[PDB]
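Just below is one structure, and these are the notes that go with it.
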Amino acid sequence: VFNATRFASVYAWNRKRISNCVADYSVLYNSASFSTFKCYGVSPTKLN
Amino acid sequence: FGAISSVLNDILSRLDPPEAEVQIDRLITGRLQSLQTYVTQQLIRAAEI
């Protein structure tokens with residue numbers, strides 16, 4: 001999802017359904033390489 | 001009453017308090033108004049009885 005070689009265009013935006021895992025959001029919360037990181041329905045710290 | 005949910009624990013399990021308070025304010029305002037309506041109607045009925 002994130003370290004992908006190539007994306008698609010905005011008018012052909014790529015959708016992927018992620019299912020059946022234990023997602024561990026705090027490392028993706030913690031990476032400073034992502035400039036804008038902001039959440040709307042949920043406060044981001046409660047994702048764990 | 002405009003809140004995201006009618007259940008208290010879901011906000012608390014989801015939100016950070018400086019917006020959770022903005023939701024809980026709506027919730028307690030609506031419920032307190034309903035309670036005031038109930039007690040007023042009870043007073044009137046009790047006078048008639």
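Scanning chain A for residues that are of a type in the set (V, I, T), closer than 30 Å to B:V22 by Cβ and part of a loop (DSSP other than H, G, I, E, B) yields A:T36, A:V42.
Here is a check on your reading of the model: is B:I4 surrounded by 10 or more Cβ atoms within 10 Å (Cβ to Cβ), outside any helix (DSSP H, G or I) and without any contact (Cβ under 8 Å) to a residue 40 or more places away in the chain? Against the criterion (surrounded by 10 or more Cβ atoms within 10 Å (Cβ to Cβ), outside any helix (DSSP H, G or I) and without any contact (Cβ under 8 Å) to a residue 40 or more places away in the chain), B:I4 qualifies. Taking every residue in the range B:11-29 that is more than 10 Å from every other protein chain (Cβ to nearest Cβ) and outside any helix (DSSP H, G or I) and pairing it with any residue that is basic (K, R) and exposed (fewer than 12 other Cβ atoms within 10 Å of the Cβ), at least 6 positions away or on another chain, yields no pair with a Cβ-Cβ distance below 9 Å.
Bear in mind that the values in this text are calculations on the coordinates, not laboratory data. No Cβ is skipped: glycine too gets one built from the backbone with ideal geometry, and neighbour counts run over all protein chains shown.
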